[PDB]
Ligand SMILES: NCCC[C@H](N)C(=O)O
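Below, in structure tokens: the form solved without the ligand, a single chain.
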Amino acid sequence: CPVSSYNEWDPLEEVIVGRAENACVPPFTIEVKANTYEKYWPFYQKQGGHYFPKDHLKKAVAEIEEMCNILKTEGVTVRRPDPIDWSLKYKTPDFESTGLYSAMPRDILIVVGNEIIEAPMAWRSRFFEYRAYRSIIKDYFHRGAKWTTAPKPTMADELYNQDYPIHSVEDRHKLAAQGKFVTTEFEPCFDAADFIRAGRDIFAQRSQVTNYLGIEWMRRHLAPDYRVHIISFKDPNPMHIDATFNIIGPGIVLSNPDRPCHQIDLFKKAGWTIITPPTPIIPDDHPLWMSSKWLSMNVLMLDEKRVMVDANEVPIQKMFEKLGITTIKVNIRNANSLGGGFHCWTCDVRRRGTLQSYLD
């Protein structure tokens, strides 16, 4: 089967890498507001529905092409989504919106074994994001892979707390700690990037885009072979888990020092090594429209001893090297702006290995 990946570190053979082409700023609706830094709120308000800065997008395209060249050199087969104009305005019976991009394969696709699963998403501007990936998925389907699409939400107003009392990121953190998110439990919704894989155990977090109904859907769909565990963090990332708790090997995880895990003892009891990466050196002046400076730890493992890491973030490169992990340095500084690092910009389709348990 062309599709076969049970975790985040076995020898990578095939990967899907996203595109920066035609990326559009999403309209400033409540769920966008709840997943971005106040600093950028006026940018969303003014540029909503327009392309991201074209001079910036062009630099990202260049950086990503080079990343693909390096992947091919490292023996990895690269697939890319179809080019699409994300500015088209679509309309369902529940809402109207323009699209976002197909830059982050990790946000929408997740491979569990021989199965590729398309996440439902939770943003209105990402309702039709799966269209960029269908040519690839149908190809794998024709070659034997299982293909699943989690239930697509209506994304009607009921799925959101229109009046989410967030005036700043500190408020979101307080609300988050209270168990209050911009998304309700009206219907299942989730981004695939809120799940991180370790063989028979998958970890997920309830976030601004991934509700308990969405996690239960995954849990119920994957059982009995896979166990889905819910974990939480202090000052959690609004959406996605791969720049907070990035699992990099059998029993080894990178834990973001600013977002400590409440269930860290479960990992310590299992004898896992928790590594806290050095702080990011990315300029505070550099625009990160989504995500944060912690993209530095959003690494991609080519195998247990080869990591693709940012060329600029020397301190984390040095951490991997003292651990005997070969660093493959690639610069994606402008690509980061879109909200992702190496783990976000890819979706590992095939890794050489078997299904195993590491939590014991």
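Start at 1 with the first residue shown and count on from there.
Another form, the form solved in complex with the ligand, is not on view; read the next lines as being about it.
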| item | value |
| --- | --- |
| Heavy atom of each of 247, 255 and 299 within 4.5 Å of the ligand in the deposited complex | no |
| Non-hydrogen atom contact residue 71 with the ligand in the deposited complex at 4.5 angstroms | no |
| Exercise: residue 259 in contact with the ligand in the deposited complex, heavy atom 4.5 Å | yes |
| 4.5 Å heavy atom contact, residue 312 and the ligand in the deposited complex | no |
| Non-hydrogen atom contact residue 349 with the ligand in the deposited complex at 4.5 angstroms | no |
| Position in contact with the ligand when the complex is considered in the deposited complex, options 344, 12, 16, 20, heavy atoms within 4.5 Å | 344 |
| Position in contact with the ligand when the complex is considered in the deposited complex, options 196, 112, 243, 209, heavy atoms within 4.5 Å | 243 |
| The ligand in the deposited complex: contacting segment from 172 to 180, 154 to 162, 113 to 121, 233 to 241, heavy atom within 4.5 Å | 233 to 241 |
| Heavy atom within 4.5 Å of the ligand in the deposited complex - qualifying residues of 273 to 293 | 291, 292 |
